[PDB]
Amino acid sequence: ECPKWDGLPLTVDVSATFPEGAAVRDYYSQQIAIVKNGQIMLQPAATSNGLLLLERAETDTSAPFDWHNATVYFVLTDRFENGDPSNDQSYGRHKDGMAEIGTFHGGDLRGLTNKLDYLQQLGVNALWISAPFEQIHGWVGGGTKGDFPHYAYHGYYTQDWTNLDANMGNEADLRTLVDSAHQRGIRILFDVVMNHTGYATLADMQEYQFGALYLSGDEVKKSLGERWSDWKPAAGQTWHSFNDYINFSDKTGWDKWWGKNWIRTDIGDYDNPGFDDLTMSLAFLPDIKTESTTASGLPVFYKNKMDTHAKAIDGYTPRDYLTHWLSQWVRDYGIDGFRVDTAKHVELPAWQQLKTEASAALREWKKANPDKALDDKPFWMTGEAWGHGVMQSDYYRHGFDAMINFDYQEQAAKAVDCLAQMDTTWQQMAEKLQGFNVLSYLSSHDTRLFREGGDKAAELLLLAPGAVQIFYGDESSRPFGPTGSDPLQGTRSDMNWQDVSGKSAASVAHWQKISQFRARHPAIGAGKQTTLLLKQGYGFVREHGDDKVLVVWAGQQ
Ligand SMILES: [Ca+2]
Ligand SMILES: [Ca+2]
């Protein structure tokens with residue numbers, strides 16, 4: 001079934017697609033062929049995996065930006081590039097000195113800035129960065145076995161949506177990142193959370209005077225230290241054992257935290273979690289009362305956090321606060337979009353509200369900044385709803401321009417040793433997505449890293465219809481990292497920069513060529529597909545607007 005290949009030049013019927021005598025470039029090898037009998041004959045480049053990325057040779061620059069063609073690069077900032085090591089251990093955070101599974105390694109906004117020319121060479125149109133908001137300051141026990149201290153190095157444990165986390169940089173650093181990204185054609189997505197707050201941690205309890213301990217008076221100082229967060233497991237204990245100093249029952253102490261009006265939780269005297277998706281608690285993270293219709297005031301512990309930018313606003317609910325707070329980042333910096341976490345676990349009119357206010361914020365920034373706005377496009381919003389597929393679901397009606405597509409990973413794993421197998425999926429996706437966008441990927445921070453087939457991953461991904469998501473280090477086969485007893489941890493390992501210019505430089509160049517080809521033809525991500533019948537191999541035509549491409553794979557070997 002799967003096509004085999006001579007290893008010798010390759011003859012193609014371009015008779016339907018390209019005029020006669022016209023010049024056709026193979027973007028990969030750069031060879032230009034003139035059509036003779038409705039035919040061209042090209043030898044694919046050695047590093048090509050049998051591909052010919054046939055474009056009209058008149059094309060000479062990247063196509064205007066379209067979300068339906070977008071190449072989104074998703075980075076965990078702390079794990080990417082350390083531009084500033086003076087901010088690596090903010091708020092008393094330490095490294096663990098034992099594998100660093102869950103510590104802040106130090107990646108920050110200035111380093112990510114440094115790396116923008118690299119990213120545009122990779123054909124990246126959108127930069128999805130992990131939430132830069134101020135996280136919980138300390139750590140919880142990591143893995144099922146208390147194997148390591150787990151901090152908020154990934155941005156999902158937000159504590160104050162109005163501040164930057166000091167590990168990330170300051171306001172000047174964010175603005176420099178966003179404006180350098182825009183000057184290079186790269187839009188900025190923030191990763192965003194409204195379902196939950198971060199965990200309670202020893203560092204935060206000590207710093208903002210909330211919660212409660214079993215220890216009293218001098219026992220606190222005798223067992224915990226001057227800095228409670230600095231605790232280490234004793235003999236036979238694990239990193240979960242610090243819980244046994246914390247009294248999670250105590251009403252008075254735990255009411256001085258977020259507040260009964262803000263969250264549901266087993267802790268203290270708070271409304272307890274529910275059993276449906278909206279009101280349940282994931283991984284014992286407290287669920288925010290997004291549906292509450294009653295004015296809540298600030299989180300109670302903000303009384304003790306003098307450096308917050310949050311201000312009480314008459315009649316606002318928790319939802320109102322979150323959507324105002326999120327929107328200010330857009331209004332002040334011109335963020336282009338949000339990727340929304342745990343979207344199944346918050347009611348849909350809350351996301352719609354978030355989208356309403358974020359769009360007004362982006363419009364308002366672009367009007368204030370006509371020199372910095374690349375264009376007039378509205379705010380964009382994508383969402384992680386677990387296991388969503390290629391369907392225009394209810395999410396589309398409530399503010400989501402595109403959902404993350406979980407079904408592509410397995411579809412691409414099937415076609416590792418035969419690009420041709422993607423055809424079915426590629427036909428359906430090209431058809432279906434004439435009416436809506438999705439975001440597809442190979443590697444995820446909460447699934448696995450796609451490392452089969454080496455750099456074949458490139459064409460498995462970048463040829464997808466719809467917007468695609470390069471998980472950072474896909475281009476360089478970034479290894480799965482230390483993980484301990486949390487199976488997902490190794491997916492968040494350091495970018496392998498040494499490999500980028502050494503052992504993996506060929507993989508990166510392969511990715512570069514295929515991704516530039518995509519950036520150069522909106523037909524790839526948005527066109528309709530006709531699959532060709534050829535004498536040797538697999539191939540297809542994509543066509544959208546006035547843009548046609550022909551993509552041919554020779555065969556195995
Ligand atoms: Ca740093
Ligand atoms: Ca919820």
# chains A, B, ... in the order shown; residues from 1 in each chain; ligands from 1

call {"tool": "residues_near_ligand", "arguments": {"ligand": "ligand 1", "cutoff": "12 Å", "atoms": "only C-alpha atoms and all ligand atoms", "output": "PyMOL selection string"}}
result
chain A and resi 77-90+104-112+153+165-170+173

call {"tool": "residues_around", "arguments": {"residues": "residue 450 (chain A)", "least_positions_apart": "3", "cutoff": "12 Å", "atoms": "only C-alpha atoms", "output": "PyMOL selection string"}}
result
chain A and resi 408-414+416+441-445+447+453-458+460-461+470-480+491

call {"tool": "write_last_selection", "arguments": {"atoms": "N, CA, C and O atoms", "output": "CSV table (one decimal), in the first residue's frame"}}
result
chain,number,residue,atom,x,y,z
A,408,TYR,N,-5.0,14.9,16.6
A,408,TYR,CA,-3.9,14.8,15.6
A,408,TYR,C,-2.7,14.1,16.0
A,408,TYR,O,-2.1,13.4,15.2
A,409,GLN,N,-2.4,14.1,17.3
A,409,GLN,CA,-1.2,13.4,17.8
A,409,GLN,C,-1.3,11.9,17.3
A,409,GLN,O,-0.3,11.4,16.7
A,410,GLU,N,-2.4,11.2,17.6
A,410,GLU,CA,-2.5,9.8,17.2
A,410,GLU,C,-2.6,9.6,15.7
A,410,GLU,O,-1.9,8.7,15.2
A,411,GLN,N,-3.3,10.5,15.0
A,411,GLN,CA,-3.3,10.5,13.6
A,411,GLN,C,-1.9,10.5,13.0
A,411,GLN,O,-1.5,9.8,12.0
A,412,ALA,N,-1.0,11.4,13.6
A,412,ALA,CA,0.3,11.5,13.0
A,412,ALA,C,1.2,10.4,13.5
A,412,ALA,O,2.1,10.0,12.7
A,413,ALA,N,1.0,9.9,14.7
A,413,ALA,CA,1.7,8.7,15.1
A,413,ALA,C,1.5,7.5,14.2
A,413,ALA,O,2.4,6.7,14.0
A,414,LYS,N,0.3,7.4,13.7
A,414,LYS,CA,0.0,6.3,12.7
A,414,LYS,C,0.8,6.4,11.5
A,414,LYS,O,1.3,5.4,10.9
A,416,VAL,N,3.8,7.7,10.9
A,416,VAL,CA,5.2,7.9,11.1
A,416,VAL,C,6.0,7.4,9.9
A,416,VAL,O,6.7,8.2,9.2
A,441,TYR,N,-1.5,19.8,17.1
A,441,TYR,CA,-0.1,19.7,17.5
A,441,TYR,C,0.3,18.3,17.6
A,441,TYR,O,-0.4,17.3,17.5
A,442,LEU,N,1.6,18.1,17.8
A,442,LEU,CA,2.2,16.8,18.0
A,442,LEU,C,2.6,16.5,19.4
A,442,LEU,O,2.4,15.4,19.9
A,443,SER,N,3.1,17.5,20.1
A,443,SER,CA,3.7,17.5,21.4
A,443,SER,C,2.9,18.4,22.4
A,443,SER,O,2.5,19.5,22.0
A,444,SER,N,2.7,18.0,23.6
A,444,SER,CA,1.9,18.7,24.6
A,444,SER,C,2.6,18.7,25.9
A,444,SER,O,3.3,17.7,26.2
A,445,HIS,N,2.3,19.7,26.8
A,445,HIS,CA,2.8,19.7,28.1
A,445,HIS,C,2.0,18.8,29.1
A,445,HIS,O,2.5,18.6,30.2
A,447,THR,N,0.3,15.8,27.6
A,447,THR,CA,0.2,14.6,26.9
A,447,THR,C,1.6,13.9,26.8
A,447,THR,O,1.9,13.1,27.7
A,453,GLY,N,10.0,9.0,14.5
A,453,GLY,CA,10.2,9.5,13.2
A,453,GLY,C,11.1,10.7,13.0
A,453,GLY,O,11.3,11.2,11.8
A,454,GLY,N,11.8,11.2,14.0
A,454,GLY,CA,12.7,12.3,13.9
A,454,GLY,C,12.1,13.5,13.3
A,454,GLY,O,10.9,13.8,13.5
A,455,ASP,N,12.9,14.1,12.4
A,455,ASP,CA,12.4,15.4,11.8
A,455,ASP,C,11.2,15.2,10.8
A,455,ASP,O,10.7,16.2,10.4
A,456,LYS,N,10.8,13.9,10.5
A,456,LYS,CA,9.6,13.7,9.8
A,456,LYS,C,8.4,14.5,10.5
A,456,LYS,O,7.5,14.9,9.8
A,457,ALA,N,8.5,14.6,11.8
A,457,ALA,CA,7.5,15.4,12.6
A,457,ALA,C,7.2,16.7,11.8
A,457,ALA,O,6.0,17.0,11.7
A,458,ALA,N,8.2,17.4,11.4
A,458,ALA,CA,8.0,18.6,10.6
A,458,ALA,C,6.9,18.5,9.6
A,458,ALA,O,5.9,19.2,9.7
A,460,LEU,N,4.8,16.1,9.1
A,460,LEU,CA,3.6,15.6,9.7
A,460,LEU,C,2.8,16.7,10.3
A,460,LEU,O,1.6,16.7,10.3
A,461,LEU,N,3.5,17.8,10.8
A,461,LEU,CA,2.7,18.9,11.5
A,461,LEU,C,2.4,20.0,10.6
A,461,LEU,O,1.3,20.5,10.5
A,470,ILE,N,3.7,24.2,17.3
A,470,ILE,CA,5.0,23.7,17.6
A,470,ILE,C,5.2,23.8,19.1
A,470,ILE,O,5.2,24.9,19.6
A,471,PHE,N,5.3,22.7,19.8
A,471,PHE,CA,5.8,22.7,21.2
A,471,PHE,C,7.3,22.9,21.2
A,471,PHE,O,8.0,22.3,20.4
A,472,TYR,N,7.8,23.8,22.0
A,472,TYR,CA,9.2,24.3,21.8
A,472,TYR,C,10.1,23.1,21.9
A,472,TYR,O,9.9,22.1,22.6
A,473,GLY,N,11.2,23.1,21.1
A,473,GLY,CA,12.1,22.0,21.0
A,473,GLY,C,11.6,20.9,20.1
A,473,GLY,O,12.3,19.9,20.0
A,474,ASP,N,10.4,20.9,19.6
A,474,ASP,CA,10.0,20.0,18.5
A,474,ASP,C,11.0,20.0,17.4
A,474,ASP,O,11.4,19.0,16.8
A,475,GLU,N,11.4,21.2,17.0
A,475,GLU,CA,12.3,21.4,15.8
A,475,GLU,C,13.7,20.7,16.1
A,475,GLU,O,14.4,20.5,15.1
A,476,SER,N,14.0,20.5,17.4
A,476,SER,CA,15.4,20.1,17.7
A,476,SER,C,15.4,18.8,18.5
A,476,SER,O,16.4,18.4,19.1
A,477,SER,N,14.2,18.0,18.5
A,477,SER,CA,14.1,16.8,19.3
A,477,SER,C,14.6,16.9,20.7
A,477,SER,O,15.4,16.1,21.3
A,478,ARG,N,14.2,18.0,21.4
A,478,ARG,CA,14.4,18.2,22.8
A,478,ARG,C,14.0,17.0,23.6
A,478,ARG,O,12.8,16.5,23.5
A,479,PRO,N,14.9,16.4,24.3
A,479,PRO,CA,14.6,15.1,25.0
A,479,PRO,C,13.6,15.4,26.2
A,479,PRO,O,13.6,16.4,26.8
A,480,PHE,N,12.7,14.4,26.4
A,480,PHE,CA,12.0,14.2,27.6
A,480,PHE,C,12.9,14.3,28.8
A,480,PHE,O,14.0,13.7,28.8
A,491,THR,N,8.1,16.3,30.2
A,491,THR,CA,7.7,17.0,28.9
A,491,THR,C,8.0,18.5,29.0
A,491,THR,O,8.0,19.2,28.0

call {"tool": "residues_near_ligand", "arguments": {"ligand": "ligand 2", "cutoff": "9 Å", "atoms": "only C-alpha atoms and all ligand atoms", "output": "PyMOL selection string"}}
result
chain A and resi 194-196+264+273-274+276-282+286-290+342-347

call {"tool": "select_by_dssp", "arguments": {"residues": "region 295-403 of chain A", "states": "strand (DSSP E)", "output": "MDAnalysis selection string"}}
result
chainID A and resid 337:340 380:383 402:403

call {"tool": "write_last_selection", "arguments": {"atoms": "N, CA, C and O atoms", "output": "mmCIF file, in the first residue's frame"}}
result
data_model
loop_
_atom_site.group_PDB
_atom_site.id
_atom_site.type_symbol
_atom_site.label_atom_id
_atom_site.label_comp_id
_atom_site.auth_asym_id
_atom_site.auth_seq_id
_atom_site.Cartn_x
_atom_site.Cartn_y
_atom_site.Cartn_z
ATOM 1 N N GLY A 337 -3.705 37.598 21.694
ATOM 2 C CA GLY A 337 -4.708 36.593 21.994
ATOM 3 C C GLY A 337 -4.473 35.889 23.308
ATOM 4 O O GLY A 337 -3.473 36.122 24.003
ATOM 5 N N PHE A 338 -5.440 35.022 23.636
ATOM 6 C CA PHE A 338 -5.371 34.147 24.800
ATOM 7 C C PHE A 338 -5.491 32.711 24.339
ATOM 8 O O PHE A 338 -6.281 32.402 23.434
ATOM 9 N N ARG A 339 -4.674 31.850 24.943
ATOM 10 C CA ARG A 339 -4.939 30.423 25.014
ATOM 11 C C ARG A 339 -5.458 30.147 26.417
ATOM 12 O O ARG A 339 -4.806 30.502 27.404
ATOM 13 N N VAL A 340 -6.615 29.504 26.500
ATOM 14 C CA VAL A 340 -7.389 29.423 27.732
ATOM 15 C C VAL A 340 -7.290 28.021 28.307
ATOM 16 O O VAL A 340 -7.614 27.033 27.637
ATOM 17 N N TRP A 380 -7.827 37.253 19.373
ATOM 18 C CA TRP A 380 -8.008 35.845 19.042
ATOM 19 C C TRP A 380 -7.995 35.010 20.326
ATOM 20 O O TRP A 380 -7.255 35.309 21.277
ATOM 21 N N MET A 381 -8.804 33.949 20.359
ATOM 22 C CA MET A 381 -8.899 33.151 21.578
ATOM 23 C C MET A 381 -9.110 31.676 21.277
ATOM 24 O O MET A 381 -10.090 31.284 20.637
ATOM 25 N N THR A 382 -8.164 30.873 21.749
ATOM 26 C CA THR A 382 -8.170 29.432 21.591
ATOM 27 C C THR A 382 -8.282 28.818 22.978
ATOM 28 O O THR A 382 -8.095 29.499 23.999
ATOM 29 N N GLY A 383 -8.606 27.535 23.027
ATOM 30 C CA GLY A 383 -9.005 26.943 24.287
ATOM 31 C C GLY A 383 -8.656 25.484 24.348
ATOM 32 O O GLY A 383 -8.748 24.765 23.349
ATOM 33 N N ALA A 402 -11.061 29.215 17.973
ATOM 34 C CA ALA A 402 -10.471 27.916 17.622
ATOM 35 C C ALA A 402 -10.215 27.082 18.878
ATOM 36 O O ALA A 402 -9.796 27.615 19.908
ATOM 37 N N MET A 403 -10.442 25.782 18.794
ATOM 38 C CA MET A 403 -10.117 24.927 19.920
ATOM 39 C C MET A 403 -8.893 24.078 19.610
ATOM 40 O O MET A 403 -8.584 23.789 18.446
#

call {"tool": "select_by_dssp", "arguments": {"residues": "region 26-174 of chain A", "states": "helix (DSSP H, G or I)", "output": "list in words"}}
result
residues 67, 68, 69, 77, 78, 79, 85, 86, 87, 90, 91, 92, 109, 110, 111, 112, 113, 114, 116, 117, 118, 119, 120, 121, 171, 172, 173 and 174 of chain A

call {"tool": "residues_around", "arguments": {"residues": "residue 128 (chain A)", "least_positions_apart": "2", "cutoff": "8 Å", "atoms": "only C-alpha atoms", "output": "VMD selection string"}}
result
chain A and resid 72 to 75 126 130 188 to 191 339

call {"tool": "atom_distance", "arguments": {"atom1": "CA of residue 359 (chain A)", "atom2": "CA of residue 125 (chain A)"}}
result
19.7 Å

call {"tool": "closest_residue", "arguments": {"among": "A:554, A:527, A:229, A:76", "to": "residue 45 (chain A)", "atoms": "only C-alpha atoms"}}
result
A:554

call {"tool": "closest_atom_pairs", "arguments": {"of": "region 122-227 of chain A", "to": "region 293-301 of chain A", "cutoff": "8 Å", "atoms": "only C-alpha atoms", "output": "CSV"}}
result
residue,atom,partner,partner_atom,distance
A:208,CA,A:301,CA,6.3
A:209,CA,A:301,CA,7.6
A:210,CA,A:301,CA,6.9

call {"tool": "write_last_selection", "arguments": {"atoms": "N, CA and C atoms", "output": "PDB file, in the first residue's frame"}}
result
ATOM      1  N   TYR A 208       1.877  36.301  53.687  1.00  0.00           N
ATOM      2  CA  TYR A 208       0.637  37.074  53.666  1.00  0.00           C
ATOM      3  C   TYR A 208      -0.257  36.747  54.845  1.00  0.00           C
ATOM      4  N   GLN A 209       0.230  35.956  55.790  1.00  0.00           N
ATOM      5  CA  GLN A 209      -0.403  35.777  57.097  1.00  0.00           C
ATOM      6  C   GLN A 209      -1.800  35.175  56.944  1.00  0.00           C
ATOM      7  N   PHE A 210      -1.854  33.991  56.349  1.00  0.00           N
ATOM      8  CA  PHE A 210      -3.134  33.310  56.205  1.00  0.00           C
ATOM      9  C   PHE A 210      -2.946  31.841  56.526  1.00  0.00           C
TER      10      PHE A 210
END

call {"tool": "residues_around", "arguments": {"residues": "region 49-56 of chain A", "least_positions_apart": "3", "cutoff": "9 Å", "atoms": "only C-alpha atoms", "output": "PyMOL selection string"}}
result
chain A and resi 5+7+18+22-29+42-46+59+456+459+514+517+521+547-557

call {"tool": "residues_around", "arguments": {"residues": "residue 363 (chain A)", "least_positions_apart": "2", "cutoff": "9 Å", "atoms": "only C-alpha atoms", "output": "VMD selection string"}}
result
chain A and resid 331 334 358 to 361 365 to 368 376 to 379

call {"tool": "write_last_selection", "arguments": {"atoms": "N, CA, C and O atoms", "output": "compact mmCIF listing (two decimals), in the first residue's frame"}}
result
# COMPACT_ATOMS: atom_id res chain seq x y z
N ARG A 331 -5.05 45.72 26.92
CA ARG A 331 -5.14 47.18 26.78
C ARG A 331 -3.78 47.88 26.94
O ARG A 331 -3.52 48.88 26.27
N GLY A 334 -0.99 45.44 24.08
CA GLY A 334 -1.35 44.93 22.77
C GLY A 334 -1.17 43.43 22.58
O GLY A 334 -0.68 43.00 21.53
N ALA A 358 -11.57 41.47 26.39
CA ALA A 358 -10.25 41.44 25.78
C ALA A 358 -10.27 42.06 24.39
O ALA A 358 -9.32 42.75 24.01
N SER A 359 -11.34 41.81 23.61
CA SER A 359 -11.42 42.41 22.28
C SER A 359 -11.51 43.93 22.39
O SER A 359 -10.85 44.65 21.62
N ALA A 360 -12.31 44.43 23.34
CA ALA A 360 -12.35 45.89 23.49
C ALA A 360 -10.99 46.43 23.88
O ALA A 360 -10.57 47.51 23.41
N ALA A 361 -10.25 45.69 24.72
CA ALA A 361 -8.92 46.13 25.13
C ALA A 361 -7.96 46.19 23.95
O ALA A 361 -7.19 47.15 23.82
N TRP A 365 -6.09 49.50 22.44
CA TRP A 365 -4.62 49.60 22.31
C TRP A 365 -4.22 49.95 20.88
O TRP A 365 -3.34 50.79 20.65
N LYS A 366 -4.83 49.27 19.89
CA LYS A 366 -4.46 49.51 18.49
C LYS A 366 -4.83 50.93 18.05
O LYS A 366 -4.09 51.56 17.29
N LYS A 367 -5.96 51.45 18.53
CA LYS A 367 -6.29 52.84 18.26
C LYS A 367 -5.27 53.77 18.92
O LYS A 367 -4.90 54.80 18.34
N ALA A 368 -4.80 53.44 20.12
CA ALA A 368 -3.81 54.31 20.76
C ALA A 368 -2.42 54.18 20.16
O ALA A 368 -1.58 55.03 20.44
N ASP A 376 -5.54 45.33 11.78
CA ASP A 376 -6.75 45.64 12.54
C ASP A 376 -7.45 44.39 13.06
O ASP A 376 -8.56 44.49 13.60
N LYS A 377 -6.82 43.22 12.91
CA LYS A 377 -7.47 41.96 13.26
C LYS A 377 -8.00 42.01 14.70
O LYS A 377 -7.37 42.61 15.58
N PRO A 378 -9.16 41.42 14.96
CA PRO A 378 -9.66 41.35 16.33
C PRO A 378 -8.83 40.40 17.19
O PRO A 378 -8.07 39.56 16.69
N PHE A 379 -9.02 40.53 18.50
CA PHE A 379 -8.41 39.61 19.46
C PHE A 379 -8.76 38.16 19.12
O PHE A 379 -9.86 37.84 18.65

call {"tool": "closest_residue", "arguments": {"among": "A:392, A:47, A:30, A:483", "to": "residue 507 (chain A)", "atoms": "only C-alpha atoms"}}
result
A:47

call {"tool": "closest_residue", "arguments": {"among": "A:252, A:37, A:216, A:121", "to": "residue 62 (chain A)", "atoms": "only C-alpha atoms"}}
result
A:121

call {"tool": "atom_distance", "arguments": {"atom1": "CA of residue 428 (chain A)", "atom2": "CA of residue 530 (chain A)"}}
result
11.0 Å

call {"tool": "atom_distance", "arguments": {"atom1": "CA of residue 545 (chain A)", "atom2": "CA of residue 61 (chain A)"}}
result
16.7 Å

call {"tool": "residues_around", "arguments": {"residues": "residue 423 (chain A)", "least_positions_apart": "4", "cutoff": "9 Å", "atoms": "only C-alpha atoms", "output": "VMD selection string"}}
result
chain A and resid 419 427 to 428 531 538 to 540

call {"tool": "decode", "arguments": {"residues": "region 169-194 of chain A", "atoms": "N, CA and C atoms", "output": "tab-separated table (two decimals), in the first residue's frame"}}
result
chain	number	residue	atom	x	y	z
A	169	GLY	N	10.48	38.87	34.79
A	169	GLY	CA	10.92	40.19	34.41
A	169	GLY	C	9.94	41.24	34.92
A	170	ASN	N	10.12	42.49	34.47
A	170	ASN	CA	9.26	43.60	34.86
A	170	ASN	C	8.49	44.12	33.64
A	171	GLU	N	7.75	45.21	33.85
A	171	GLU	CA	6.89	45.74	32.79
A	171	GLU	C	7.69	46.09	31.55
A	172	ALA	N	8.83	46.77	31.73
A	172	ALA	CA	9.71	47.09	30.61
A	172	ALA	C	10.10	45.85	29.82
A	173	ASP	N	10.34	44.72	30.51
A	173	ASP	CA	10.72	43.49	29.80
A	173	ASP	C	9.56	42.93	28.98
A	174	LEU	N	8.35	42.95	29.54
A	174	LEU	CA	7.21	42.49	28.77
A	174	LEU	C	7.01	43.35	27.54
A	175	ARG	N	7.06	44.68	27.71
A	175	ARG	CA	6.77	45.55	26.57
A	175	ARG	C	7.83	45.38	25.49
A	176	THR	N	9.10	45.20	25.89
A	176	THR	CA	10.15	44.97	24.91
A	176	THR	C	9.94	43.65	24.17
A	177	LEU	N	9.60	42.57	24.88
A	177	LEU	CA	9.23	41.32	24.21
A	177	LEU	C	8.11	41.51	23.19
A	178	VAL	N	7.00	42.12	23.61
A	178	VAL	CA	5.85	42.18	22.72
A	178	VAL	C	6.17	43.02	21.49
A	179	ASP	N	6.84	44.16	21.68
A	179	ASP	CA	7.11	45.05	20.55
A	179	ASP	C	8.17	44.47	19.61
A	180	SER	N	9.16	43.76	20.15
A	180	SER	CA	10.12	43.10	19.28
A	180	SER	C	9.45	41.96	18.51
A	181	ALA	N	8.56	41.23	19.18
A	181	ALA	CA	7.82	40.19	18.50
A	181	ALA	C	7.01	40.75	17.33
A	182	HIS	N	6.32	41.88	17.55
A	182	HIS	CA	5.48	42.48	16.50
A	182	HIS	C	6.33	42.98	15.34
A	183	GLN	N	7.44	43.66	15.64
A	183	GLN	CA	8.31	44.14	14.56
A	183	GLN	C	8.82	43.03	13.67
A	184	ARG	N	8.62	41.76	14.06
A	184	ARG	CA	9.11	40.62	13.31
A	184	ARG	C	7.97	39.77	12.74
A	185	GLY	N	6.73	40.24	12.83
A	185	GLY	CA	5.64	39.48	12.28
A	185	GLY	C	5.03	38.48	13.23
A	186	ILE	N	5.47	38.43	14.48
A	186	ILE	CA	5.06	37.41	15.45
A	186	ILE	C	4.01	38.00	16.40
A	187	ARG	N	2.81	37.41	16.41
A	187	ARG	CA	1.77	37.79	17.38
A	187	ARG	C	2.02	37.10	18.72
A	188	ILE	N	1.44	37.66	19.79
A	188	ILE	CA	1.66	37.19	21.17
A	188	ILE	C	0.36	36.64	21.75
A	189	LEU	N	0.38	35.38	22.18
A	189	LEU	CA	-0.69	34.81	22.98
A	189	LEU	C	-0.17	34.68	24.41
A	190	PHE	N	-0.99	35.08	25.37
A	190	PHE	CA	-0.83	34.66	26.75
A	190	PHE	C	-1.61	33.38	27.02
A	191	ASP	N	-1.02	32.49	27.80
A	191	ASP	CA	-1.77	31.40	28.40
A	191	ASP	C	-2.50	31.95	29.63
A	192	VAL	N	-3.70	31.46	29.86
A	192	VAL	CA	-4.63	32.13	30.76
A	192	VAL	C	-5.38	31.09	31.58
A	193	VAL	N	-5.64	31.42	32.84
A	193	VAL	CA	-6.40	30.54	33.73
A	193	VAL	C	-7.44	31.35	34.46
A	194	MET	N	-8.69	30.85	34.44
A	194	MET	CA	-9.74	31.35	35.33
A	194	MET	C	-10.40	30.28	36.19
